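To keep things clear, I will list the structure first and then write my remarks on it.
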Amino acid sequence: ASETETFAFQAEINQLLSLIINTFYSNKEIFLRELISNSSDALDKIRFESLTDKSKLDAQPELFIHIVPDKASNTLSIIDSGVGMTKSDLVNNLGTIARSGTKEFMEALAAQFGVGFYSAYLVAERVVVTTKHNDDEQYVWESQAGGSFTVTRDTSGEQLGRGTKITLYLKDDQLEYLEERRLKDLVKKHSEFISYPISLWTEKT
Ligand SMILES: Nc1ncnc2c1ncn2[C@@H]1O[C@H](COP(=O)(O)OP(=O)(O)CP(=O)(O)O)[C@@H](O)[C@H]1O
């Protein structure tokens, strides 16, 4: 049926990506704290609307963050019970939105506070976001950071019912972040100190 609406990137978002990706960072580990942030924020926002209305939390009436390395697909996934996004929050907040502090965060850096979501693309060549808000259906956002992304209505297969799953497809050199030592440490590490619980799940072979 083609629920995919293919869009193109902000001109400045492109710059923002070019900064991140095309600068070798010793520690690209920044990205994880960056994602767990936006997740805490999402759990925080749903926890809020959950006072004014209790029909909200009913979806998954528990607030969690899951981290799944999967060596099959070489992906690292981040999963919360948080607010989620509508097609609008997808097409509007992810791709078309310059996060708070301007790219002059980094633009003046030619001459971390925080990078946010886009920090993901230093360890991954590709990323897919599967999300469920309450007022809207489940949508799927995907980009290779090649100056266009795609948003697709996903009414089929499995639903979270609420919240968001970010799955990043790691670059061939970046697979260290599929490791349990690497990650168990990083759980307990920067942004372990936080409101919600963090489960790391790994496959025993
Ligand atoms: N886990 C999540 N659940 C739902 N929406 C999310 C999300 N992570 C990001 N978003 C949406 O995408 C937007 C833009 O992403 P981005 O990470 O660039 O900014 P941010 O609002 O997370 C602050 P920062 O720049 O510090 O991360 C967010 O404002 C939010 O609307």
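Chains: A, B, ... in order of the structure tokens. Residues: from 1 per chain. Ligands: from 1, in order shown.
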If you take only C-alpha atoms and all ligand atoms and a cut-off of 7 Å, which residues of chain A touch ligand 1, and what are their nearest atom pairs and distances in Å to one decimal, in chain and number order, as CSV?
```
residue,atom,partner,partner_atom_place_in_ligand_line,distance
A:34,CA,ligand 1,27 (O),6.2
A:35,CA,ligand 1,1 (N),6.9
A:37,CA,ligand 1,27 (O),7.0
A:38,CA,ligand 1,8 (N),4.4
A:39,CA,ligand 1,1 (N),3.9
A:42,CA,ligand 1,3 (N),4.9
A:80,CA,ligand 1,1 (N),6.9
A:82,CA,ligand 1,3 (N),6.2
A:83,CA,ligand 1,4 (C),5.8
A:84,CA,ligand 1,4 (C),4.2
A:85,CA,ligand 1,4 (C),5.4
A:89,CA,ligand 1,31 (O),5.7
A:90,CA,ligand 1,12 (O),7.0
A:93,CA,ligand 1,13 (C),4.2
A:94,CA,ligand 1,12 (O),4.2
A:97,CA,ligand 1,14 (C),6.2
A:98,CA,ligand 1,18 (O),6.4
A:99,CA,ligand 1,18 (O),4.4
A:100,CA,ligand 1,25 (O),6.0
A:114,CA,ligand 1,26 (O),5.3
A:115,CA,ligand 1,25 (O),5.3
A:116,CA,ligand 1,27 (O),2.9
A:117,CA,ligand 1,17 (O),3.4
A:118,CA,ligand 1,18 (O),5.9
A:163,CA,ligand 1,3 (N),6.4
A:164,CA,ligand 1,3 (N),5.5
```
Now that the selection is made, can you save its residues with N, CA and C atoms as a compact mmCIF listing (two decimals), in the first residue's frame?
```txt
# COMPACT_ATOMS: atom_id res chain seq x y z
N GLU A 34 23.29 10.22 25.37
CA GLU A 34 22.46 11.12 24.59
C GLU A 34 21.09 10.55 24.28
N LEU A 35 21.04 9.25 24.05
CA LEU A 35 19.79 8.57 23.73
C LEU A 35 18.99 8.27 24.98
N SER A 37 19.14 9.93 27.62
CA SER A 37 18.54 11.21 27.98
C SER A 37 17.14 11.30 27.39
N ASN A 38 17.08 11.40 26.06
CA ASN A 38 15.85 11.69 25.34
C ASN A 38 14.74 10.73 25.70
N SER A 39 15.16 9.56 26.17
CA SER A 39 14.26 8.53 26.67
C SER A 39 13.71 8.85 28.07
N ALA A 42 11.20 11.30 27.62
CA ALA A 42 9.97 10.72 27.09
C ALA A 42 9.18 10.00 28.18
N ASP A 80 12.00 2.44 25.19
CA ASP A 80 11.31 2.99 26.35
C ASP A 80 9.79 2.87 26.26
N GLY A 82 8.14 5.38 27.13
CA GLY A 82 7.84 6.80 27.17
C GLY A 82 6.78 7.29 26.19
N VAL A 83 6.66 8.60 26.03
CA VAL A 83 5.55 9.21 25.28
C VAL A 83 5.34 8.71 23.86
N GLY A 84 6.44 8.65 23.10
CA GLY A 84 6.37 8.31 21.69
C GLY A 84 6.09 9.53 20.82
N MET A 85 5.87 9.31 19.54
CA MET A 85 5.67 10.42 18.64
C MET A 85 4.54 10.17 17.67
N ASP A 89 5.39 14.67 15.18
CA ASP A 89 6.63 14.72 15.98
C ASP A 89 7.80 14.03 15.25
N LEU A 90 7.50 12.97 14.51
CA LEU A 90 8.49 12.34 13.65
C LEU A 90 9.07 13.29 12.60
N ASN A 93 9.82 17.07 14.68
CA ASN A 93 10.91 17.14 15.68
C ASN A 93 12.24 16.45 15.38
N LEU A 94 12.22 15.29 14.74
CA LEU A 94 13.49 14.63 14.45
C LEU A 94 14.24 15.36 13.36
N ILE A 97 14.03 19.71 12.87
CA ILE A 97 14.21 20.52 14.05
C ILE A 97 15.65 20.57 14.50
N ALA A 98 16.16 21.80 14.58
CA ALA A 98 17.53 22.07 15.01
C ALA A 98 17.52 22.11 16.53
N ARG A 99 18.26 21.22 17.18
CA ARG A 99 17.98 20.99 18.59
C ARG A 99 18.52 22.13 19.42
N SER A 100 17.59 22.91 19.99
CA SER A 100 17.88 23.94 20.99
C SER A 100 19.05 24.82 20.60
N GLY A 114 25.42 19.10 24.99
CA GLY A 114 24.84 17.87 24.47
C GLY A 114 24.46 17.94 23.00
N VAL A 115 24.65 16.81 22.33
CA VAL A 115 24.34 16.69 20.91
C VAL A 115 22.90 16.30 20.64
N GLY A 116 22.41 15.40 21.48
CA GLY A 116 21.07 14.92 21.32
C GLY A 116 20.97 13.66 20.50
N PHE A 117 19.83 13.53 19.85
CA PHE A 117 19.53 12.37 19.06
C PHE A 117 20.57 12.07 18.00
N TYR A 118 20.95 13.09 17.24
CA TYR A 118 21.75 12.85 16.05
C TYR A 118 23.15 12.30 16.33
N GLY A 163 5.43 4.41 23.24
CA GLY A 163 6.87 4.56 23.35
C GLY A 163 7.61 4.37 22.05
N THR A 164 8.92 4.19 22.17
CA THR A 164 9.82 4.32 21.03
C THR A 164 11.02 3.38 21.09
```
With only C-alpha atoms counted and 8 Å as the cut-off, give the residues of range 63-163 of chain A in contact with range 195-202 of chain A, each with its shortest interatomic distance in Å and the pair that gives it, as a tab-separated table.
```
residue	atom	partner	partner_atom	distance
A:63	CA	A:196	CA	7.1
A:64	CA	A:197	CA	5.7
A:65	CA	A:198	CA	5.2
A:66	CA	A:199	CA	5.0
A:67	CA	A:200	CA	4.9
A:68	CA	A:201	CA	5.2
A:69	CA	A:202	CA	6.2
A:70	CA	A:202	CA	7.2
```
In range 77-146 of chain A, what's alpha helix (DSSP H) per DSSP? Answer as a PyMOL selection string? chain A and resi 87-89+104-107
Residues of the last selection are to be written out with N, CA, C and O atoms, as a short mmCIF file (atom, residue, chain, number, x, y, z; two decimals), in the first residue's frame.
```cif
data_model
loop_
_atom_site.label_atom_id
_atom_site.label_comp_id
_atom_site.auth_asym_id
_atom_site.auth_seq_id
_atom_site.Cartn_x
_atom_site.Cartn_y
_atom_site.Cartn_z
N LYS A 87 3.09 11.27 13.71
CA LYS A 87 3.75 11.41 12.42
C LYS A 87 4.35 12.79 12.39
O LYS A 87 5.46 12.99 11.92
N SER A 88 3.61 13.73 12.94
CA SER A 88 4.12 15.07 13.08
C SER A 88 5.41 15.11 13.91
O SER A 88 6.45 15.46 13.36
N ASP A 89 5.39 14.67 15.18
CA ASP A 89 6.63 14.72 15.98
C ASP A 89 7.80 14.03 15.25
O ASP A 89 8.96 14.45 15.36
N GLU A 104 25.75 26.26 15.96
CA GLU A 104 26.91 27.00 16.42
C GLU A 104 27.50 26.46 17.72
O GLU A 104 28.55 26.92 18.15
N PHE A 105 26.81 25.50 18.33
CA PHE A 105 27.41 24.62 19.33
C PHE A 105 28.72 24.19 18.69
O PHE A 105 29.80 24.51 19.17
N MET A 106 28.59 23.45 17.60
CA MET A 106 29.75 22.97 16.85
C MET A 106 30.34 23.96 15.83
O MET A 106 31.52 23.86 15.48
N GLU A 107 29.54 24.92 15.35
CA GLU A 107 30.02 25.76 14.26
C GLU A 107 31.13 26.65 14.80
O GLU A 107 32.22 26.72 14.23
#
```
Compare A:2, A:18, A:77, A:92 by their minimum atom-to-atom distance to residue 169 in chain A, counting only C-alpha atoms, and give me the closest one.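 The answer is A:77, which sits nearest to residue 169 in chain A.
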Let me make sure I understand: among A:154, A:142, A:41, A:185, which one has the smallest atom-to-atom distance to residue 166 in chain A if we use only C-alpha atoms?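 Among A:154, A:142, A:41, A:185, it is A:142 that comes nearest to residue 166 in chain A.
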